[PDB]
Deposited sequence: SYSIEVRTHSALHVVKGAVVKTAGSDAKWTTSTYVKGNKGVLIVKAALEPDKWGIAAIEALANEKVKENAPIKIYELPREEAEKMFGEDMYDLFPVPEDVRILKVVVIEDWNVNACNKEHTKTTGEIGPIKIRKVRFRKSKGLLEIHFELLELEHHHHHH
């Protein structure tokens, strides 16, 4: 797999890892970004994490990677998708679903399973109190 195909599949894993810890406080992904082996996820959240709740994310991320879960893909019509899933899928349709972790209508090339992507390490986490946003830098090995 390409260095960025992997990277991009990580976005979904990291996202689900965020949802697990933050719960409802992960309001939505405002944006993402990919460059080489390095990625950035930006989420709208009320409060900021506490070092523990940052290691927890890198941990949940890597845990999902270590259980080599299938990155399920559905190419469904405009509707039908919405009945099967719903609001939780937005930021014909191409929907990427990591069972019980993340549902996302992404439109790019992904690895087949979480294993392929490999180890995820969180580099830096920035919070903007001004805007209510959480920025999460990471890269693969």
query: Sequence ranges absent from the coordinates, based on the deposited chain and numbered from 1; finding: 1, 93-101, 152-160
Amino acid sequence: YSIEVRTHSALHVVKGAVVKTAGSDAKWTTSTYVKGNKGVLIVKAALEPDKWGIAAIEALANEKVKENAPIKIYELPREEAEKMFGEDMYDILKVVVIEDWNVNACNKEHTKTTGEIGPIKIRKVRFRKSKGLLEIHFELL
From here on, numbers count along this sequence of modelled residues.
{"query": "Between 98-106 and 82-90 (mean CA B-factor, as deposited), the higher", "finding": "82-90"}
{"query": "Selected stretch [higher average CA B-factor]: 13-21 or 113-121", "finding": "113-121"}
{"query": "Third of the chain, ranked by Cα B-factor, where residue 39 sits", "finding": "middle"}
{"query": "Chain thirds of CA B-factor: placement of residue 63", "finding": "lowest"}
{"query": "Chain-wide C-alpha B factor ranking for residue 49, given as lowest, middle or highest third", "finding": "highest"}
